[PDB]
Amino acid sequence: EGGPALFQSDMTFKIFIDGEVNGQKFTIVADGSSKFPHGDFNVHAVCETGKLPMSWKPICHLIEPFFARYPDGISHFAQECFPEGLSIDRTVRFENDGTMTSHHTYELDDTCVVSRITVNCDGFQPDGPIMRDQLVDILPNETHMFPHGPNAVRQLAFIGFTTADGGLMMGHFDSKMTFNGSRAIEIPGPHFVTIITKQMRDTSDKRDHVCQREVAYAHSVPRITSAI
């Protein structure tokens, strides 16, 4: 198409995140592999600035939409964007807490996808559960994909995180993916991507790091053909 044809290969990825939270700079490098048919892959992410100043949990969406698994009959926008690439502009606004704003660029180097992300995490509560590292898991969710003009798609999500006291920190996620090239590209109709995420810490790597697994896949719902 021929972006989806490229993704019939096994691929690797590398992510460079330049971040700040409340004025304190951080750097994360991440890398991984994803074999066809994709939709289930791990990432190894390391904080290169010593110790991450906030919970690793909200970093989950920063550390590969083209590795989601799409069925027959839904257009896979992120994959169609290649070989030219795509950018992402994203907001995650946490209730009673700060807002993460990011800019993502993706380029293809043969079968490696290289990602550069700058993120500003501002207005975060120093005595809240993100900065106190009191977030215990990431709730699986049904993200909503929408056409967004001729060259973009918008992803909306409610991303929950369970707190150590058994409460819930809710992030309002709004992400626009934009095609970088001049050709016309097939914009999918409204659909969903289900995303399941889990982070783990091992003795393997001694650096501050997570190993995160994501299962991601697209689906539609049966439409109803009359009101009887």
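One-based numbering along the sequence shown. Definition used throughout: the rigid core is the maximal C-alpha set that superposes within 1.5 Å between two forms.
K.L.:
Once the rigid core is lined up, would you tell me whether 158 to 166 or 197 to 205 has the higher RMS CA deviation in 4 other deposited structures of this protein?
P.N.:
Comparing 197 to 205 with 158 to 166, the one that moves more in 4 other deposited structures of this protein is 197 to 205.
K.L.:
Between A68 and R69, how many residues of the deposited sequence have no coordinates in this entry: none, 1 to 3, 4 to 9, or 10 or more?
P.N.:
None; the chain is continuous from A68 to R69.
K.L.:
Going by the average Cα B-factor in the PDB entry, point out whether 79 to 87 or 116 to 124 comes out higher.
P.N.:
Here the higher of the two C-alpha B-factor means belongs to 79 to 87.
K.L.:
Tell me which stretch, 195 to 203 or 167 to 175, has the higher mean Cα B-factor listed in the entry.
P.N.:
If you average the C-alpha B-factors of 167 to 175 and of 195 to 203, the larger mean comes out for 195 to 203.
K.L.:
Would you mind finding, among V92, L108, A152, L139, the residue with the largest C-alpha temperature factor in the entry?
P.N.:
Most elevated C-alpha B-factor of the set, per the entry: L108.
K.L.:
Sorting the chain's modelled residues by C-alpha B-factor, tell me whether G73 ends up in the lowest, middle or highest third.
P.N.:
Ranked within chain, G73 CA B lands in the highest tercile.
K.L.:
Considering only modelled residues of the same chain, in which third does the CA B-factor of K57 rank: lowest, middle or highest?
P.N.:
Lowest third.
K.L.:
Lowest, middle or highest third: which one holds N180 when the chain's residues are ordered by CA B-factor from the entry?
P.N.:
Highest third - that is where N180 ends up once the chain's C-alpha B-factors are sorted.
K.L.:
Considering only modelled residues of the same chain, in which third does the CA B-factor of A45 rank: lowest, middle or highest?
P.N.:
It belongs to the lowest third of the chain when residues are ordered by C-alpha B-factor.
K.L.:
Sorting by Cα B-factor within the chain, modelled residues only, which third would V215 end up in: lowest, middle or highest?
P.N.:
Middle third - that is where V215 ends up once the chain's C-alpha B-factors are sorted.
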